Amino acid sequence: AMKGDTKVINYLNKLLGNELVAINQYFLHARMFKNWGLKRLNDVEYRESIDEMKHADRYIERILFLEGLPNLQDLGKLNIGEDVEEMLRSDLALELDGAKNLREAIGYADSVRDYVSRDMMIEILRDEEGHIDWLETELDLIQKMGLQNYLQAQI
């Protein structure tokens, strides 16, 4: 019914890619956390991978509605941590860069008056910023407490 802007489509595909990587990374990390007996951390990672799945859905829906083609695009490795701090750091690196990409896209969607795409991305960004926030606190505590002291209060 309506072919959308092609740079918007190109942005949506870039963001979709970000989500797929986030999905795979939190799936792995969640399983590693669980293997260690860190219920709380596994719980949040697991639910996060579910959310990112949901974002990915929204993105694909939107590309298809705009008569665009899903088109990844080199996702890019992929930094599975070897300890909790490392894992959370890679996660936060992924999230921050994702948020950036979202902010640029939202800008461009608005310039070209794709308010539907813009508003969808804004809703998603809000989600991103909450997890970013959560992540920055955990890493703060590991810093302040020390990784071992931090873990043991999880257990």
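Start at 1 and count along the sequence shown; that's the residue number.
- With 141-149 and 14-22 compared on mean CA B-factor from the PDB entry, the stretch scoring higher is 141-149.
- Looking at mean Cα B-factors across 87-95 and 51-59, the upper value is held by 51-59.
- Per-chain ranking of the deposited C-alpha B factor places residue 117 in the middle third.
- Residue 35: CA B factor in the middle third of modelled residues in this chain (values from the PDB entry).
- Sorting the modelled residues of the chain by their CA temperature factor places residue 69 in the highest third.
- When all modelled residues of the chain are sorted by CA temperature factor, residue 110 is found within the highest third.
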